[PDB]
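The structure file input_11.cif is reproduced below (mmCIF, C-alpha atoms).
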```cif
data_target
loop_
_atom_site.group_PDB
_atom_site.id
_atom_site.type_symbol
_atom_site.label_atom_id
_atom_site.label_comp_id
_atom_site.auth_asym_id
_atom_site.auth_seq_id
_atom_site.Cartn_x
_atom_site.Cartn_y
_atom_site.Cartn_z
ATOM 1 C CA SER D 1 8.242 19.163 -5.931
ATOM 2 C CA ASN D 2 6.169 17.455 -3.259
ATOM 3 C CA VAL D 3 4.441 20.156 -1.183
ATOM 4 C CA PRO D 4 2.294 18.998 1.768
ATOM 5 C CA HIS D 5 -1.401 19.925 1.738
ATOM 6 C CA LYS D 6 -2.674 20.987 5.158
ATOM 7 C CA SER D 7 -6.285 21.405 6.316
ATOM 8 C CA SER D 8 -6.714 22.922 9.804
ATOM 9 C CA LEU D 9 -9.630 21.581 11.874
ATOM 10 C CA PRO D 10 -9.907 23.933 14.790
ATOM 11 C CA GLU D 11 -13.240 22.519 16.009
ATOM 12 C CA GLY D 12 -11.971 19.007 15.465
ATOM 13 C CA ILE D 13 -13.930 16.266 13.786
ATOM 14 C CA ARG D 14 -16.995 14.478 15.118
ATOM 15 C CA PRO D 15 -18.476 11.058 14.270
ATOM 16 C CA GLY D 16 -20.104 11.474 10.873
ATOM 17 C CA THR D 17 -17.328 13.361 9.120
ATOM 18 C CA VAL D 18 -16.042 12.544 5.656
ATOM 19 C CA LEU D 19 -12.553 13.384 4.347
ATOM 20 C CA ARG D 20 -12.691 13.156 0.544
ATOM 21 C CA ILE D 21 -9.333 12.991 -1.250
ATOM 22 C CA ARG D 22 -9.037 12.989 -5.048
ATOM 23 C CA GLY D 23 -5.803 12.984 -7.023
ATOM 24 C CA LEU D 24 -3.330 11.265 -9.280
ATOM 25 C CA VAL D 25 -0.597 8.780 -8.318
ATOM 26 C CA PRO D 26 2.138 10.108 -10.601
ATOM 27 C CA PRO D 27 4.282 7.829 -12.769
ATOM 28 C CA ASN D 28 7.339 7.584 -10.518
ATOM 29 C CA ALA D 29 5.539 7.518 -7.169
ATOM 30 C CA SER D 30 6.982 5.584 -4.263
ATOM 31 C CA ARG D 31 4.425 6.247 -1.514
ATOM 32 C CA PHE D 32 2.104 8.956 -0.166
ATOM 33 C CA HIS D 33 0.181 9.558 3.020
ATOM 34 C CA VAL D 34 -2.953 10.993 4.602
ATOM 35 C CA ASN D 35 -2.391 11.895 8.258
ATOM 36 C CA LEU D 36 -4.921 12.962 10.914
ATOM 37 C CA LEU D 37 -2.808 14.850 13.418
ATOM 38 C CA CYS D 38 -3.207 16.321 16.907
ATOM 39 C CA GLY D 39 -1.326 19.564 16.196
ATOM 40 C CA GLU D 40 0.714 21.643 13.719
ATOM 41 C CA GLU D 41 4.064 20.685 15.262
ATOM 42 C CA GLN D 42 6.455 18.532 13.220
ATOM 43 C CA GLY D 43 6.176 14.930 14.437
ATOM 44 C CA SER D 44 2.715 15.457 16.000
ATOM 45 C CA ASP D 45 0.797 12.473 17.413
ATOM 46 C CA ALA D 46 -1.433 10.946 14.759
ATOM 47 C CA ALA D 47 -4.862 9.358 15.192
ATOM 48 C CA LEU D 48 -4.428 7.908 11.691
ATOM 49 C CA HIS D 49 -1.538 7.545 9.268
ATOM 50 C CA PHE D 50 -2.842 6.086 5.952
ATOM 51 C CA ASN D 51 0.095 5.152 3.738
ATOM 52 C CA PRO D 52 -0.257 3.643 0.261
ATOM 53 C CA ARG D 53 3.151 2.237 -0.657
ATOM 54 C CA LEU D 54 3.435 1.784 -4.456
ATOM 55 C CA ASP D 55 7.066 0.785 -4.090
ATOM 56 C CA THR D 56 6.342 -2.255 -1.872
ATOM 57 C CA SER D 57 2.708 -2.898 -3.034
ATOM 58 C CA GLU D 58 1.108 -2.449 0.404
ATOM 59 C CA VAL D 59 -1.244 -0.020 2.155
ATOM 60 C CA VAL D 60 -0.294 0.571 5.782
ATOM 61 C CA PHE D 61 -2.428 2.061 8.568
ATOM 62 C CA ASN D 62 -0.921 3.181 11.886
ATOM 63 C CA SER D 63 -1.163 5.719 14.754
ATOM 64 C CA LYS D 64 1.481 7.626 16.673
ATOM 65 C CA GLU D 65 0.898 8.379 20.376
ATOM 66 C CA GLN D 66 3.214 9.824 22.995
ATOM 67 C CA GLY D 67 5.747 10.053 20.121
ATOM 68 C CA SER D 68 5.797 6.283 19.403
ATOM 69 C CA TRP D 69 4.247 4.398 16.462
ATOM 70 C CA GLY D 70 1.658 1.707 17.070
ATOM 71 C CA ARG D 71 1.422 -1.697 15.418
ATOM 72 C CA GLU D 72 0.862 -1.418 11.626
ATOM 73 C CA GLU D 73 -2.294 -2.796 10.056
ATOM 74 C CA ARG D 74 -2.440 -3.571 6.342
ATOM 75 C CA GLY D 75 -5.319 -3.473 3.910
ATOM 76 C CA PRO D 76 -5.657 -6.171 1.221
ATOM 77 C CA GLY D 77 -3.241 -5.649 -1.708
ATOM 78 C CA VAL D 78 -2.971 -2.165 -3.145
ATOM 79 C CA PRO D 79 -5.933 -0.407 -4.854
ATOM 80 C CA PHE D 80 -3.715 2.341 -6.355
ATOM 81 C CA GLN D 81 -1.572 2.398 -9.486
ATOM 82 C CA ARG D 82 1.167 4.674 -10.816
ATOM 83 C CA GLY D 83 -0.315 6.768 -13.613
ATOM 84 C CA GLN D 84 -3.921 6.448 -12.407
ATOM 85 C CA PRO D 85 -6.307 8.817 -10.586
ATOM 86 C CA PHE D 86 -8.028 7.779 -7.377
ATOM 87 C CA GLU D 87 -10.641 8.758 -4.851
ATOM 88 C CA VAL D 88 -10.387 7.968 -1.144
ATOM 89 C CA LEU D 89 -12.940 8.558 1.591
ATOM 90 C CA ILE D 90 -11.829 8.484 5.207
ATOM 91 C CA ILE D 91 -15.023 8.372 7.251
ATOM 92 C CA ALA D 92 -15.042 8.948 11.041
ATOM 93 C CA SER D 93 -17.545 7.091 13.239
ATOM 94 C CA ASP D 94 -17.681 6.552 17.021
ATOM 95 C CA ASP D 95 -15.712 3.335 16.559
ATOM 96 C CA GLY D 96 -13.017 4.105 14.018
ATOM 97 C CA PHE D 97 -12.178 5.269 10.521
ATOM 98 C CA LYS D 98 -13.506 3.578 7.385
ATOM 99 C CA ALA D 99 -11.333 3.828 4.270
ATOM 100 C CA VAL D 100 -13.187 3.648 0.966
ATOM 101 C CA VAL D 101 -11.127 3.481 -2.248
ATOM 102 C CA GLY D 102 -12.943 3.897 -5.542
ATOM 103 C CA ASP D 103 -16.348 2.384 -5.115
ATOM 104 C CA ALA D 104 -15.332 -0.096 -2.474
ATOM 105 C CA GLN D 105 -15.084 -0.347 1.283
ATOM 106 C CA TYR D 106 -11.418 -1.063 1.864
ATOM 107 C CA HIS D 107 -10.420 -1.142 5.586
ATOM 108 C CA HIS D 108 -11.716 -0.300 9.059
ATOM 109 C CA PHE D 109 -9.162 1.133 11.489
ATOM 110 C CA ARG D 110 -10.431 1.076 15.100
ATOM 111 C CA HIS D 111 -9.775 4.271 17.067
ATOM 112 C CA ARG D 112 -6.612 4.157 19.120
ATOM 113 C CA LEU D 113 -6.371 7.859 20.101
ATOM 114 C CA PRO D 114 -9.615 9.669 20.996
ATOM 115 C CA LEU D 115 -11.150 11.163 17.853
ATOM 116 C CA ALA D 116 -11.510 14.471 19.731
ATOM 117 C CA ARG D 117 -7.733 15.062 19.640
ATOM 118 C CA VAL D 118 -7.628 15.441 15.831
ATOM 119 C CA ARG D 119 -6.879 19.041 14.777
ATOM 120 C CA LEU D 120 -5.206 18.825 11.338
ATOM 121 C CA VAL D 121 -5.256 16.785 8.120
ATOM 122 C CA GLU D 122 -2.019 16.578 6.107
ATOM 123 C CA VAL D 123 -1.745 14.898 2.688
ATOM 124 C CA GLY D 124 1.686 14.550 1.195
ATOM 125 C CA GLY D 125 4.361 12.427 -0.416
ATOM 126 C CA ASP D 126 4.275 11.245 -4.039
ATOM 127 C CA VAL D 127 0.776 12.341 -5.011
ATOM 128 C CA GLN D 128 -0.642 15.103 -7.232
ATOM 129 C CA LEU D 129 -3.768 16.306 -5.505
ATOM 130 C CA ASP D 130 -6.940 17.254 -7.336
ATOM 131 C CA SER D 131 -8.899 18.200 -4.202
ATOM 132 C CA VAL D 132 -9.181 17.597 -0.438
ATOM 133 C CA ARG D 133 -12.524 18.353 1.272
ATOM 134 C CA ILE D 134 -13.766 17.727 4.768
ATOM 135 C CA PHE D 135 -17.487 17.401 5.338
#
```
What does this structure look like when you write it as structure tokens?
Amino acid sequence: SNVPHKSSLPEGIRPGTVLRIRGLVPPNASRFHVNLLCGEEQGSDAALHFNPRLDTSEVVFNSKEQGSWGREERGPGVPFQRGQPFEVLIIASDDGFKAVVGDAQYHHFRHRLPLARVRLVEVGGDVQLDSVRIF
């Protein structure tokens, strides 16, 4: 069973915040996601949707605003593998979110929504989480 992991952020997140996600991509994984969302409602606007796609060998970044998706950005290749553990940082600055995978800077996603609207982090899909922490 895939069960979403939710972290409420009722005072939001400010520049200089680190979301640290550790887990395993299980053997039959298709894709999983890390979403920074504006509210608890299903289909909430998203400042960031980070979506490793093992099935298509891509990592997609997008936002959702006023109920519509933005233009996808892609990182280089896919630094995740079925059957292997990973660590991702998502780091908030004034300018955007930096994604770090393993020991490497991976992608910068410029803010599209104001960072102050973020209220929730949801991690789900085909992933077995070790831990999620927000600093």
Hey, which bits of stretch 9-39 of chain D sit within 8 Å of stretch 81-104 of chain D, and for each residue what's the closest pair of atoms and how far apart in Å (one decimal), counting only C-alpha atoms, rows by chain and increasing number, as CSV?
```
residue,atom,partner,partner_atom,distance
D:13,CA,D:92,CA,7.9
D:14,CA,D:92,CA,7.1
D:15,CA,D:93,CA,4.2
D:16,CA,D:93,CA,5.6
D:17,CA,D:92,CA,5.3
D:18,CA,D:91,CA,4.6
D:19,CA,D:90,CA,5.0
D:20,CA,D:89,CA,4.7
D:21,CA,D:88,CA,5.1
D:22,CA,D:87,CA,4.5
D:23,CA,D:85,CA,5.5
D:24,CA,D:85,CA,4.1
D:25,CA,D:82,CA,5.1
D:26,CA,D:83,CA,5.1
D:27,CA,D:83,CA,4.8
D:28,CA,D:82,CA,6.8
D:29,CA,D:82,CA,6.4
```
Residues returned when the PyMOL selection byres ((chain D and resi 39) around 12) runs on this file, as a PDB file with C-alpha atoms, in the frame of the given file:
```
ATOM      1  CA  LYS D   6      -2.674  20.987   5.158  1.00  0.00           C
ATOM      2  CA  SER D   7      -6.285  21.405   6.316  1.00  0.00           C
ATOM      3  CA  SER D   8      -6.714  22.922   9.804  1.00  0.00           C
ATOM      4  CA  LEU D   9      -9.630  21.581  11.874  1.00  0.00           C
ATOM      5  CA  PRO D  10      -9.907  23.933  14.790  1.00  0.00           C
ATOM      6  CA  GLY D  12     -11.971  19.007  15.465  1.00  0.00           C
ATOM      7  CA  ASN D  35      -2.391  11.895   8.258  1.00  0.00           C
ATOM      8  CA  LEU D  36      -4.921  12.962  10.914  1.00  0.00           C
ATOM      9  CA  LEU D  37      -2.808  14.850  13.418  1.00  0.00           C
ATOM     10  CA  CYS D  38      -3.207  16.321  16.907  1.00  0.00           C
ATOM     11  CA  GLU D  40       0.714  21.643  13.719  1.00  0.00           C
ATOM     12  CA  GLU D  41       4.064  20.685  15.262  1.00  0.00           C
ATOM     13  CA  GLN D  42       6.455  18.532  13.220  1.00  0.00           C
ATOM     14  CA  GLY D  43       6.176  14.930  14.437  1.00  0.00           C
ATOM     15  CA  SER D  44       2.715  15.457  16.000  1.00  0.00           C
ATOM     16  CA  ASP D  45       0.797  12.473  17.413  1.00  0.00           C
ATOM     17  CA  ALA D  46      -1.433  10.946  14.759  1.00  0.00           C
ATOM     18  CA  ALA D  47      -4.862   9.358  15.192  1.00  0.00           C
ATOM     19  CA  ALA D 116     -11.510  14.471  19.731  1.00  0.00           C
ATOM     20  CA  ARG D 117      -7.733  15.062  19.640  1.00  0.00           C
ATOM     21  CA  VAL D 118      -7.628  15.441  15.831  1.00  0.00           C
ATOM     22  CA  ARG D 119      -6.879  19.041  14.777  1.00  0.00           C
ATOM     23  CA  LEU D 120      -5.206  18.825  11.338  1.00  0.00           C
ATOM     24  CA  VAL D 121      -5.256  16.785   8.120  1.00  0.00           C
ATOM     25  CA  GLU D 122      -2.019  16.578   6.107  1.00  0.00           C
TER      26      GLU D 122
END
```
What is the atom CA of residue D:70 to atom CA of residue D:30 distance in Å?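 According to the coordinates, atom CA of residue D:70 and atom CA of residue D:30 are separated by 22.3 Å.
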*Can you turn the PyMOL selection byres ((chain D and resi 56-66) around 10) into a concrete residue list for this file, as a PyMOL selection string?*
chain D and resi 30-38+43-55+67-81+107-109+111-113
Store the residues picked out above in a file with C-alpha atoms, as a PDB file, in the frame of the given file.
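The file below, again.pdb, is the result:
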```pdb
ATOM      1  CA  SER D  30       6.982   5.584  -4.263  1.00  0.00           C
ATOM      2  CA  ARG D  31       4.425   6.247  -1.514  1.00  0.00           C
ATOM      3  CA  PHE D  32       2.104   8.956  -0.166  1.00  0.00           C
ATOM      4  CA  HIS D  33       0.181   9.558   3.020  1.00  0.00           C
ATOM      5  CA  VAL D  34      -2.953  10.993   4.602  1.00  0.00           C
ATOM      6  CA  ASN D  35      -2.391  11.895   8.258  1.00  0.00           C
ATOM      7  CA  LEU D  36      -4.921  12.962  10.914  1.00  0.00           C
ATOM      8  CA  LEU D  37      -2.808  14.850  13.418  1.00  0.00           C
ATOM      9  CA  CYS D  38      -3.207  16.321  16.907  1.00  0.00           C
ATOM     10  CA  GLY D  43       6.176  14.930  14.437  1.00  0.00           C
ATOM     11  CA  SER D  44       2.715  15.457  16.000  1.00  0.00           C
ATOM     12  CA  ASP D  45       0.797  12.473  17.413  1.00  0.00           C
ATOM     13  CA  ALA D  46      -1.433  10.946  14.759  1.00  0.00           C
ATOM     14  CA  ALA D  47      -4.862   9.358  15.192  1.00  0.00           C
ATOM     15  CA  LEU D  48      -4.428   7.908  11.691  1.00  0.00           C
ATOM     16  CA  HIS D  49      -1.538   7.545   9.268  1.00  0.00           C
ATOM     17  CA  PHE D  50      -2.842   6.086   5.952  1.00  0.00           C
ATOM     18  CA  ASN D  51       0.095   5.152   3.738  1.00  0.00           C
ATOM     19  CA  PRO D  52      -0.257   3.643   0.261  1.00  0.00           C
ATOM     20  CA  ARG D  53       3.151   2.237  -0.657  1.00  0.00           C
ATOM     21  CA  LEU D  54       3.435   1.784  -4.456  1.00  0.00           C
ATOM     22  CA  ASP D  55       7.066   0.785  -4.090  1.00  0.00           C
ATOM     23  CA  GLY D  67       5.747  10.053  20.121  1.00  0.00           C
ATOM     24  CA  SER D  68       5.797   6.283  19.403  1.00  0.00           C
ATOM     25  CA  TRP D  69       4.247   4.398  16.462  1.00  0.00           C
ATOM     26  CA  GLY D  70       1.658   1.707  17.070  1.00  0.00           C
ATOM     27  CA  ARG D  71       1.422  -1.697  15.418  1.00  0.00           C
ATOM     28  CA  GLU D  72       0.862  -1.418  11.626  1.00  0.00           C
ATOM     29  CA  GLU D  73      -2.294  -2.796  10.056  1.00  0.00           C
ATOM     30  CA  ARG D  74      -2.440  -3.571   6.342  1.00  0.00           C
ATOM     31  CA  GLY D  75      -5.319  -3.473   3.910  1.00  0.00           C
ATOM     32  CA  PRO D  76      -5.657  -6.171   1.221  1.00  0.00           C
ATOM     33  CA  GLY D  77      -3.241  -5.649  -1.708  1.00  0.00           C
ATOM     34  CA  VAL D  78      -2.971  -2.165  -3.145  1.00  0.00           C
ATOM     35  CA  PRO D  79      -5.933  -0.407  -4.854  1.00  0.00           C
ATOM     36  CA  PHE D  80      -3.715   2.341  -6.355  1.00  0.00           C
ATOM     37  CA  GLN D  81      -1.572   2.398  -9.486  1.00  0.00           C
ATOM     38  CA  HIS D 107     -10.420  -1.142   5.586  1.00  0.00           C
ATOM     39  CA  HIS D 108     -11.716  -0.300   9.059  1.00  0.00           C
ATOM     40  CA  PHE D 109      -9.162   1.133  11.489  1.00  0.00           C
ATOM     41  CA  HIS D 111      -9.775   4.271  17.067  1.00  0.00           C
ATOM     42  CA  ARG D 112      -6.612   4.157  19.120  1.00  0.00           C
ATOM     43  CA  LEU D 113      -6.371   7.859  20.101  1.00  0.00           C
TER      44      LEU D 113
END
```
- [ ] Could you jot down the atom CA of residue D:106 to atom CA of residue D:4 separation for me, Å, one decimal place?
- [x]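 Atom CA of residue D:4 lies at a distance of 24.3 Å from atom CA of residue D:106.
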Here atom CA of residue D:130 and atom CA of residue D:11 stand apart by 24.7 Å
Once you add 8 Å to each side, what are the centre and edge lengths of the axis-aligned box holding all listed atoms of stretch 8-14 of chain D? One decimal in Å, as JSON, if you can.
```
{"center_x": -11.9, "center_y": 19.2, "center_z": 12.9, "size_x": 26.3, "size_y": 25.5, "size_z": 22.2}
```
